[PDB]
>>> print(open('target.pdb').read())   # PDB, C-alpha atoms (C1' of nucleotides) and all ligand atoms
ATOM      1  CA  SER A   1    -130.583-124.499 -58.182  1.00  0.00           C
ATOM      2  CA  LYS A   2    -128.224-123.613 -55.318  1.00  0.00           C
ATOM      3  CA  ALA A   3    -131.084-123.752 -52.815  1.00  0.00           C
ATOM      4  CA  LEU A   4    -132.296-127.100 -54.154  1.00  0.00           C
ATOM      5  CA  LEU A   5    -128.806-128.626 -54.033  1.00  0.00           C
ATOM      6  CA  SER A   6    -128.184-127.360 -50.496  1.00  0.00           C
ATOM      7  CA  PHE A   7    -131.571-128.676 -49.367  1.00  0.00           C
ATOM      8  CA  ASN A   8    -130.798-132.040 -50.973  1.00  0.00           C
ATOM      9  CA  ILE A   9    -127.467-132.326 -49.147  1.00  0.00           C
ATOM     10  CA  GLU A  10    -128.941-131.223 -45.816  1.00  0.00           C
ATOM     11  CA  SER A  11    -131.895-133.593 -46.236  1.00  0.00           C
ATOM     12  CA  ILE A  12    -129.532-136.502 -46.898  1.00  0.00           C
ATOM     13  CA  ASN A  13    -127.601-135.572 -43.758  1.00  0.00           C
ATOM     14  CA  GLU A  14    -130.801-135.306 -41.701  1.00  0.00           C
ATOM     15  CA  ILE A  15    -132.171-138.629 -42.969  1.00  0.00           C
ATOM     16  CA  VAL A  16    -128.888-140.364 -42.132  1.00  0.00           C
ATOM     17  CA  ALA A  17    -128.749-138.725 -38.691  1.00  0.00           C
ATOM     18  CA  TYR A  18    -132.344-139.719 -37.915  1.00  0.00           C
ATOM     19  CA  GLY A  19    -131.654-143.324 -38.902  1.00  0.00           C
ATOM     20  CA  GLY A  20    -133.389-143.710 -42.244  1.00  0.00           C
ATOM     21  CA  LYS A  21    -132.240-144.533 -45.769  1.00  0.00           C
ATOM     22  CA  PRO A  22    -132.128-142.020 -48.643  1.00  0.00           C
ATOM     23  CA  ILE A  23    -133.501-143.631 -51.807  1.00  0.00           C
ATOM     24  CA  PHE A  24    -133.584-140.624 -54.142  1.00  0.00           C
ATOM     25  CA  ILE A  25    -133.188-136.916 -53.405  1.00  0.00           C
ATOM     26  CA  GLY A  26    -132.822-134.843 -56.559  1.00  0.00           C
ATOM     27  CA  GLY A  27    -134.293-131.507 -57.570  1.00  0.00           C
ATOM     28  CA  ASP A  28    -137.584-131.086 -55.710  1.00  0.00           C
ATOM     29  CA  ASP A  29    -138.157-134.842 -55.284  1.00  0.00           C
ATOM     30  CA  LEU A  30    -137.358-136.867 -52.166  1.00  0.00           C
ATOM     31  CA  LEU A  31    -137.864-140.545 -51.313  1.00  0.00           C
ATOM     32  CA  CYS A  32    -136.798-141.916 -47.929  1.00  0.00           C
ATOM     33  CA  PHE A  33    -137.232-145.129 -45.944  1.00  0.00           C
ATOM     34  CA  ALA A  34    -137.177-144.317 -42.226  1.00  0.00           C
ATOM     35  CA  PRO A  35    -138.100-145.994 -38.938  1.00  0.00           C
ATOM     36  CA  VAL A  36    -141.410-145.058 -37.364  1.00  0.00           C
ATOM     37  CA  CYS A  37    -139.599-144.005 -34.178  1.00  0.00           C
ATOM     38  CA  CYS A  38    -135.980-144.479 -33.128  1.00  0.00           C
ATOM     39  CA  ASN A  39    -133.756-142.841 -30.496  1.00  0.00           C
ATOM     40  CA  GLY A  40    -136.701-140.744 -29.332  1.00  0.00           C
ATOM     41  CA  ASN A  41    -137.475-139.065 -32.666  1.00  0.00           C
ATOM     42  CA  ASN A  42    -140.537-139.825 -34.780  1.00  0.00           C
ATOM     43  CA  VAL A  43    -141.227-139.773 -38.502  1.00  0.00           C
ATOM     44  CA  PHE A  44    -143.060-136.469 -38.093  1.00  0.00           C
ATOM     45  CA  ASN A  45    -140.019-135.027 -36.327  1.00  0.00           C
ATOM     46  CA  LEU A  46    -138.008-135.927 -39.434  1.00  0.00           C
ATOM     47  CA  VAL A  47    -140.675-134.342 -41.650  1.00  0.00           C
ATOM     48  CA  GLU A  48    -140.556-131.152 -39.576  1.00  0.00           C
ATOM     49  CA  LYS A  49    -136.755-131.132 -39.796  1.00  0.00           C
ATOM     50  CA  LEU A  50    -136.904-131.572 -43.579  1.00  0.00           C
ATOM     51  CA  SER A  51    -139.440-128.751 -43.927  1.00  0.00           C
ATOM     52  CA  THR A  52    -137.250-126.530 -41.746  1.00  0.00           C
ATOM     53  CA  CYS A  53    -134.212-127.389 -43.882  1.00  0.00           C
ATOM     54  CA  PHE A  54    -136.117-126.556 -47.074  1.00  0.00           C
ATOM     55  CA  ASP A  55    -137.268-123.225 -45.636  1.00  0.00           C
ATOM     56  CA  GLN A  56    -133.752-122.412 -44.408  1.00  0.00           C
ATOM     57  CA  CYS A  57    -132.214-123.161 -47.805  1.00  0.00           C
ATOM     58  CA  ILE A  58    -134.889-121.102 -49.574  1.00  0.00           C
ATOM     59  CA  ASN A  59    -134.197-118.170 -47.242  1.00  0.00           C
ATOM     60  CA  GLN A  60    -130.416-118.525 -47.548  1.00  0.00           C
ATOM     61  CA  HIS A  61    -130.217-118.797 -51.341  1.00  0.00           C
ATOM     62  CA  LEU A  62    -133.372-116.926 -52.446  1.00  0.00           C
ATOM     63  CA  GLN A  63    -133.480-113.903 -50.139  1.00  0.00           C
ATOM     64  CA  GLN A  64    -134.112-111.359 -52.915  1.00  0.00           C
ATOM     65  CA  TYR A  65    -137.123-113.295 -54.228  1.00  0.00           C
ATOM     66  CA  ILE A  66    -138.347-113.989 -50.679  1.00  0.00           C
ATOM     67  CA  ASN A  67    -138.258-110.267 -49.891  1.00  0.00           C
ATOM     68  CA  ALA A  68    -140.005-109.424 -53.169  1.00  0.00           C
ATOM     69  CA  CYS A  69    -142.767-111.988 -52.579  1.00  0.00           C
ATOM     70  CA  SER A  70    -143.176-110.911 -48.940  1.00  0.00           C
ATOM     71  CA  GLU A  71    -144.637-107.456 -49.596  1.00  0.00           C
ATOM     72  CA  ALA A  72    -146.213-108.598 -52.882  1.00  0.00           C
ATOM     73  CA  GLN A  73    -148.394-111.092 -50.938  1.00  0.00           C
ATOM     74  CA  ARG A  74    -147.571-114.170 -53.008  1.00  0.00           C
ATOM     75  CA  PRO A  75    -147.070-117.786 -51.899  1.00  0.00           C
ATOM     76  CA  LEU A  76    -143.530-119.000 -51.233  1.00  0.00           C
ATOM     77  CA  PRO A  77    -141.945-122.312 -52.294  1.00  0.00           C
ATOM     78  CA  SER A  78    -143.083-125.171 -50.084  1.00  0.00           C
ATOM     79  CA  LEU A  79    -142.811-128.931 -49.613  1.00  0.00           C
ATOM     80  CA  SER A  80    -145.760-131.322 -49.805  1.00  0.00           C
ATOM     81  CA  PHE A  81    -145.218-134.509 -47.808  1.00  0.00           C
ATOM     82  CA  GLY A  82    -146.683-137.993 -48.095  1.00  0.00           C
ATOM     83  CA  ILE A  83    -146.022-140.495 -45.301  1.00  0.00           C
ATOM     84  CA  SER A  84    -147.038-144.164 -45.329  1.00  0.00           C
ATOM     85  CA  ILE A  85    -146.356-146.477 -42.380  1.00  0.00           C
ATOM     86  CA  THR A  86    -146.920-150.175 -43.031  1.00  0.00           C
ATOM     87  CA  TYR A  87    -146.035-153.595 -41.683  1.00  0.00           C
ATOM     88  CA  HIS A  88    -142.633-154.785 -42.866  1.00  0.00           C
ATOM     89  CA  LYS A  89    -144.264-157.794 -44.555  1.00  0.00           C
ATOM     90  CA  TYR A  90    -146.864-155.636 -46.303  1.00  0.00           C
ATOM     91  CA  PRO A  91    -146.030-155.517 -50.036  1.00  0.00           C
ATOM     92  CA  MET A  92    -143.549-152.769 -50.850  1.00  0.00           C
ATOM     93  CA  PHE A  93    -145.254-152.073 -54.183  1.00  0.00           C
ATOM     94  CA  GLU A  94    -148.575-151.437 -52.442  1.00  0.00           C
ATOM     95  CA  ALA A  95    -146.847-149.224 -49.872  1.00  0.00           C
ATOM     96  CA  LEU A  96    -145.169-147.192 -52.623  1.00  0.00           C
ATOM     97  CA  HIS A  97    -148.475-146.849 -54.476  1.00  0.00           C
ATOM     98  CA  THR A  98    -150.123-145.690 -51.243  1.00  0.00           C
ATOM     99  CA  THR A  99    -147.363-143.122 -50.688  1.00  0.00           C
ATOM    100  CA  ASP A 100    -147.706-141.850 -54.263  1.00  0.00           C
ATOM    101  CA  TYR A 101    -151.488-141.642 -53.889  1.00  0.00           C
ATOM    102  CA  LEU A 102    -151.150-139.740 -50.614  1.00  0.00           C
ATOM    103  CA  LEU A 103    -148.595-137.239 -51.917  1.00  0.00           C
ATOM    104  CA  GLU A 104    -149.998-136.548 -55.387  1.00  0.00           C
ATOM    105  CA  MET A 105    -153.737-136.985 -54.928  1.00  0.00           C
ATOM    106  CA  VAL A 106    -154.215-135.616 -51.395  1.00  0.00           C
ATOM    107  CA  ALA A 107    -151.108-133.608 -50.480  1.00  0.00           C
ATOM    108  CA  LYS A 108    -150.873-131.905 -53.879  1.00  0.00           C
ATOM    109  CA  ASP A 109    -154.694-131.751 -54.122  1.00  0.00           C
ATOM    110  CA  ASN A 110    -154.526-133.582 -57.451  1.00  0.00           C
ATOM    111  CA  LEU A 111    -157.873-135.262 -56.737  1.00  0.00           C
ATOM    112  CA  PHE A 112    -159.658-131.923 -57.128  1.00  0.00           C
ATOM    113  CA  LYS A 113    -157.610-130.963 -60.191  1.00  0.00           C
ATOM    114  CA  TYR A 114    -157.871-134.404 -61.816  1.00  0.00           C
ATOM    115  CA  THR A 115    -161.638-134.648 -61.342  1.00  0.00           C
ATOM    116  CA  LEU A 116    -162.089-131.117 -62.692  1.00  0.00           C
ATOM    117  CA  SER A 117    -159.799-131.711 -65.688  1.00  0.00           C
ATOM    118  CA  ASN A 118    -161.338-135.055 -66.671  1.00  0.00           C
ATOM    119  CA  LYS A 119    -164.655-133.190 -66.975  1.00  0.00           C
ATOM    120  CA  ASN A 120    -162.997-130.097 -68.530  1.00  0.00           C
ATOM    121  CA  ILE A 121    -164.227-127.617 -65.918  1.00  0.00           C
ATOM    122  CA  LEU A 122    -160.837-126.513 -64.586  1.00  0.00           C
ATOM    123  CA  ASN A 123    -161.374-122.847 -65.581  1.00  0.00           C
ATOM    124  CA  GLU A 124    -159.443-120.229 -63.565  1.00  0.00           C
ATOM    125  CA  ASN A 125    -161.682-119.390 -60.603  1.00  0.00           C
ATOM    126  CA  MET A 126    -161.667-123.101 -59.778  1.00  0.00           C
ATOM    127  CA  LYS A 127    -157.886-123.082 -60.259  1.00  0.00           C
ATOM    128  CA  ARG A 128    -157.822-120.417 -57.534  1.00  0.00           C
ATOM    129  CA  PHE A 129    -158.833-123.194 -55.093  1.00  0.00           C
ATOM    130  CA  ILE A 130    -155.779-125.445 -55.545  1.00  0.00           C
ATOM    131  CA  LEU A 131    -154.313-126.125 -52.097  1.00  0.00           C
ATOM    132  CA  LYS A 132    -150.613-126.836 -51.546  1.00  0.00           C
ATOM    133  CA  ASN A 133    -148.335-127.203 -48.501  1.00  0.00           C
ATOM    134  CA  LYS A 134    -150.035-130.345 -47.217  1.00  0.00           C
ATOM    135  CA  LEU A 135    -148.936-133.411 -45.256  1.00  0.00           C
ATOM    136  CA  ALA A 136    -150.614-136.713 -46.131  1.00  0.00           C
ATOM    137  CA  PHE A 137    -150.105-139.500 -43.608  1.00  0.00           C
ATOM    138  CA  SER A 138    -151.450-143.051 -43.417  1.00  0.00           C
ATOM    139  CA  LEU A 139    -150.698-145.858 -40.957  1.00  0.00           C
ATOM    140  CA  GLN A 140    -151.997-149.333 -41.820  1.00  0.00           C
ATOM    141  CA  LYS A 141    -151.735-151.854 -38.990  1.00  0.00           C
ATOM    142  CA  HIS A 142    -151.203-155.600 -39.344  1.00  0.00           C
ATOM    143  CA  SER A 143    -155.001-156.019 -39.172  1.00  0.00           C
ATOM    144  CA  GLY A 144    -155.693-153.340 -41.794  1.00  0.00           C
ATOM    145  CA  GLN A 145    -157.139-150.713 -39.456  1.00  0.00           C
ATOM    146  CA  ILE A 146    -155.507-147.885 -41.518  1.00  0.00           C
ATOM    147  CA  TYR A 147    -155.494-144.448 -39.876  1.00  0.00           C
ATOM    148  CA  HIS A 148    -155.181-141.660 -42.446  1.00  0.00           C
ATOM    149  CA  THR A 149    -155.276-137.876 -42.241  1.00  0.00           C
ATOM    150  CA  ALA A 150    -154.118-134.741 -44.039  1.00  0.00           C
TER     151      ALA A 150
ATOM    152  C1'   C B   1    -224.142-127.600  57.738  1.00  0.00           C
ATOM    153  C1'   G B   2    -226.816-130.684  54.545  1.00  0.00           C
ATOM    154  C1'   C B   3    -227.347-132.391  49.483  1.00  0.00           C
ATOM    155  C1'   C B   4    -225.627-132.486  44.380  1.00  0.00           C
ATOM    156  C1'   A B   5    -222.426-132.847  39.042  1.00  0.00           C
ATOM    157  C1'   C B   6    -221.983-131.514  34.085  1.00  0.00           C
ATOM    158  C1'   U B   7    -218.527-130.110  29.619  1.00  0.00           C
ATOM    159  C1'   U B   8    -214.341-130.798  26.206  1.00  0.00           C
ATOM    160  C1'   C B   9    -211.132-135.923  23.321  1.00  0.00           C
ATOM    161  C1'   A B  10    -206.479-132.711  16.813  1.00  0.00           C
ATOM    162  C1'   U B  11    -206.057-129.282  14.201  1.00  0.00           C
ATOM    163  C1'   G B  12    -202.523-126.419  11.100  1.00  0.00           C
ATOM    164  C1'   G B  13    -197.149-126.990   8.612  1.00  0.00           C
ATOM    165  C1'   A B  14    -193.213-130.006   6.420  1.00  0.00           C
ATOM    166  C1'   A B  15    -194.758-135.460   2.509  1.00  0.00           C
ATOM    167  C1'   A B  16    -188.465-135.647   0.143  1.00  0.00           C
ATOM    168  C1'   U B  17    -183.942-132.344  -0.952  1.00  0.00           C
ATOM    169  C1'   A B  18    -178.726-132.022  -3.087  1.00  0.00           C
ATOM    170  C1'   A B  19    -173.841-134.885  -4.825  1.00  0.00           C
ATOM    171  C1'   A B  20    -172.055-138.530  -7.959  1.00  0.00           C
ATOM    172  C1'   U B  21    -175.088-140.729 -14.014  1.00  0.00           C
ATOM    173  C1'   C B  22    -170.043-144.704 -15.355  1.00  0.00           C
ATOM    174  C1'   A B  23    -164.540-144.253 -14.673  1.00  0.00           C
ATOM    175  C1'   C B  24    -159.541-146.848 -16.252  1.00  0.00           C
ATOM    176  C1'   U B  25    -157.404-150.689 -19.344  1.00  0.00           C
ATOM    177  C1'   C B  26    -157.355-153.399 -23.675  1.00  0.00           C
ATOM    178  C1'   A B  27    -159.796-150.871 -29.739  1.00  0.00           C
ATOM    179  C1'   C B  28    -157.250-156.214 -32.566  1.00  0.00           C
ATOM    180  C1'   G B  29    -152.423-159.722 -31.316  1.00  0.00           C
ATOM    181  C1'   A B  30    -149.832-164.102 -33.949  1.00  0.00           C
ATOM    182  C1'   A B  31    -149.472-167.187 -38.770  1.00  0.00           C
ATOM    183  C1'   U B  32    -149.852-166.842 -44.185  1.00  0.00           C
ATOM    184  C1'   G B  33    -147.355-161.841 -48.470  1.00  0.00           C
ATOM    185  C1'   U B  34    -148.158-166.974 -52.428  1.00  0.00           C
ATOM    186  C1'   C B  35    -148.032-172.516 -52.860  1.00  0.00           C
ATOM    187  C1'   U B  36    -148.621-177.383 -55.959  1.00  0.00           C
ATOM    188  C1'   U B  37    -148.831-179.205 -61.136  1.00  0.00           C
TER     189        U B  37
HETATM  190 MN    MN C 201    -140.741-133.334 -58.700  1.00  0.00          MN
END
>>> encode(input="target.pdb", output="structure tokens")
Amino acid sequence: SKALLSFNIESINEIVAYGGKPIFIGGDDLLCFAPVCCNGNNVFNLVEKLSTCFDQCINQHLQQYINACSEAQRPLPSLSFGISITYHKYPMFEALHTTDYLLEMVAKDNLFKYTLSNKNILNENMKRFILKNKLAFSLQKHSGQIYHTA
RNA sequence: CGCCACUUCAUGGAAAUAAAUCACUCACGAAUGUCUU
């Protein structure tokens, strides 16, 4: 809880310093509206800064668990990111749906899990193939050219 | 000293060889994000 609160405060500070707007940052959830590029920094620079802040807070407040999971060879807490860049006149509801789709379905690999679970073949060996720590990014131009990657 | 002409009329080698084979720029821009009953 201490690590999450510290990360939330530092993420608010970083979003304000970059030049964006914090919508909601609480627990493990973050929602921000930021410029594509301003004062030389990009969106991906902000994402890297947020990931660094999360890692720093995890190290600072969870050092015992980090040390235990280091030699035990177990994954550490991580942040999955979903970035959508759209024209300012593009509907905000569609942009938010695109961001949710990116984050959940691609960045959290919920497409694999959802397709497996709808057919009831999730099992455990298949659950071994759930991939986290992903960045989903999509840029839709004014002509709908949409560049997307993960 | 005199007298006197014939013969021969292109073969062999090289017959193309390397370098560059597209380069840069633009890869959508503006309007409309609902309107009238
Ligand atoms: Mn959450």
>>> resolve_selection(input="target.pdb", expression="the PyMOL selection byres ((chain B) within 10 of (chain A))", output="MDAnalysis selection string")
chainID B and resid 28:29 33
>>> atom_distance(input="target.pdb", atom1="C1' of residue 27 in chain B", atom2="CA of residue 83 in chain A")
23.2 Å
>>> closest_atom_pairs(input="target.pdb", of="chain A", to="ligand MN 201 (chain C)", cutoff="9 Å", atoms="all atoms listed in the file", output="CSV")
residue,atom,partner,partner_atom,distance
A:26,CA,C:MN201,MN,8.3
A:27,CA,C:MN201,MN,6.8
A:28,CA,C:MN201,MN,4.9
A:29,CA,C:MN201,MN,4.5
A:30,CA,C:MN201,MN,8.2
>>> resolve_selection(input="target.pdb", expression="the PyMOL selection byres (((chain A and resi 19) around 12) and not hetatm)", output="number ranges by chain")
A: 12-18, 20-22, 32-43, 46
>>> resolve_selection(input="target.pdb", expression="the PyMOL selection byres (((chain A and resi 125-138) around 12) and not hetatm)", output="VMD selection string")
chain A and resid 36 43 to 44 47 to 48 51 75 to 87 95 to 96 98 to 117 120 to 124 139 to 141 144 to 150
